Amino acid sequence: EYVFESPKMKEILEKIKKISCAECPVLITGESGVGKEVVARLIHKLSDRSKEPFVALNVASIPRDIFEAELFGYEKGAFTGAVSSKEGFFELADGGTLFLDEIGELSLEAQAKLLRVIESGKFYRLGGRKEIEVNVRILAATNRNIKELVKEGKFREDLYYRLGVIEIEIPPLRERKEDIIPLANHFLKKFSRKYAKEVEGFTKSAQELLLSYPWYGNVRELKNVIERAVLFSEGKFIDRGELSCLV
């Protein structure tokens, strides 16, 4: 039950419905805390392979050394800390969608490998000899500006274009004020039920504030700001009171 009631969002939602029934890689960009994952997540549930696996893996939480192998996999002989070939996530999510967060953290080496896989659907295991071919619906995401990284020499130009087929720009909460009040209201519901609190909703005075806050964290920060406000809540409503504590 995810929210979509703003401008550029009820539009993106469409773009999702139209895309899903595709098989080319989608690229998602935006500031951390806008939906990227969610969006990617949906682009899956609607996709013709919704029932298929959704291997969503973070690129910033993984040692570069592990990742490159964690993803494509290895073969006895390239890893001196493990002997036995484990299938990379690619083979794991065979026929499924593979979402990589913060793409902008892929090795100039990983990226290359990636490209070859987006197009041929083929690749070699790390230290592999047999060409493994699979069926993965890649879903890039990132908070960083690729085009800027492309010039810095920190990212493959030809990898970007191939992902730029379907690109989705997620604008920050601060530019979807039509989302703050609905989302917030989502959250206030989640938590009010999660911590068994008789909290029904925000007051006008409060609703205003929520709309004025810049929400740097965006959707994320609001998620927290309200779990926090739900707990701090004393009566049935929330206004300038608990909120100001934060926002």
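Throughout, we count residues from 1 along the sequence that is shown.
For the segment pair 6-14 and 222-230, the entry gives 6-14 the higher mean B-factor, averaged over Cα atoms. Looking at 113-121 and 75-83 together, the entry lists the larger mean B-factor for 75-83, computed on C-alpha atoms. The PDB entry gives the largest Cα B-factor of the residues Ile166, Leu173, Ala141, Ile138 to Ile166.
Ranking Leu183, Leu42, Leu27, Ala69 by Cα temperature factor from the entry places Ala69 first. Among the modelled residues of its chain, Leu210 has a C-alpha B-factor that falls in the middle third, as given in the PDB entry. Per the deposited record, the Cα B-factor of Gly104 falls in the lowest third when ranked against the other modelled residues of its chain.
Residue-level temperature factors show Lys190 in the lowest third of its chain, judged at the C-alpha atom.
Per the deposited record, the Cα B-factor of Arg64 falls in the highest third when ranked against the other modelled residues of its chain. Sort the chain's modelled residues by C-alpha temperature factor and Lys197 lands in the lowest third, per the entry.
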